[PDB]
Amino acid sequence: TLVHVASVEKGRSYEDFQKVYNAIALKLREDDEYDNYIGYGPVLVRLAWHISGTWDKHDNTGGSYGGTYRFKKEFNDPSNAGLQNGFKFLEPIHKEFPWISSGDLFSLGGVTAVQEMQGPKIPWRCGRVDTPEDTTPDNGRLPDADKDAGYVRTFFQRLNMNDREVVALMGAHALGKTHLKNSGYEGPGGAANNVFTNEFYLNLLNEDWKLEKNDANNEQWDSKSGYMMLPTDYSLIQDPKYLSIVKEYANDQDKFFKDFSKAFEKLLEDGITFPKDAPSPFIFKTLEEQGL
């Protein structure tokens, strides 16, 4: 029964949001020591996904619109352990630009991180509006990592994502790493973990993977190169339909970039009704493109 209409922050336009993008991007460059010099890019991408991934297509609950991660129930979701680091990073940004909504800020943080890490451009639309504490979705809507391809496929149907969209989105697991204290998994998915590339797919196909137990007594796939895959990551090469798509992205960087950009924008916009006369999506310039 539930409609969330995008409403542009009063009087704001592209230039306002480019300023917010720039402040996030400059801080990404500045605060470079975080997580053993990985920097904040990966955790900001994960934050944007987790605030969006609570969405349920069946009743339009959850989703990025309401900015509900700011409330303790969601902030404290065991599935969100570690994301507090991303939230703290964004605090001074919100202080400088207090007019931006929380959902706009969290989602823009993810777009900025992807682009600054040399990923694809992600078109982004403003107008998410903060909603009250009672609209916060319950814990348990984000996915488990110990499961198989059938679980992944069914899970993502709730977010209206198909096989191609799922495999494209999972390529973000090239970024950052798993941390034992956060999730019960430990290690990175590859070498270039603060640069956005198609390495996730190459590593799935090319590494010699061993099913091992980590120090939290959970199974994960490890390679001699020091990379790891979650059981749900590895499921993408166990299922024949996912495997074909993995091979496609391993062999076509541009196609992966284009498909990721579409799926990630869609993820960040699920649940939102944009008026016919809403502004077109914004495509922000990187700091590099601006000579900044």
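Residue numbers here begin at 1 and follow the sequence given. Between two forms, the rigid core is the largest collection of C-alphas that superpose within 1.5 Å.
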After fitting on the rigid core, which stretch moves more in 8 other deposited structures of this protein, 151-159 or 192-200, going by C-alpha RMS?
-> 192-200
Of 184-192 vs 165-173, the stretch with the larger average CA B-factor in the entry is 184-192
As the entry reports it, the stretch among 62-70 and 257-265 with higher mean C-alpha B factor is 62-70
Residue of maximum C-alpha B factor among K121, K213, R153, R125, per deposited coordinates = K213
Reading the B-factor column for Cα atoms of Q115, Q157, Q220, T136, the highest value belongs to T136
Would the CA B-factor of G109 place it in the lowest, middle or highest third of its chain?
-> lowest
Of the three thirds of Cα B-factor ranks in this chain, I237 occupies the middle
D270: C-alpha B-factor third of its chain, per the entry, is the lowest
Determine, from the deposited record, the chain-internal third of the Cα B-factor for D252: lowest, middle or highest.
-> lowest
Taking the C-alpha B-factors as the PDB entry records them, is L44 in the lowest, middle or highest third of its chain?
-> lowest
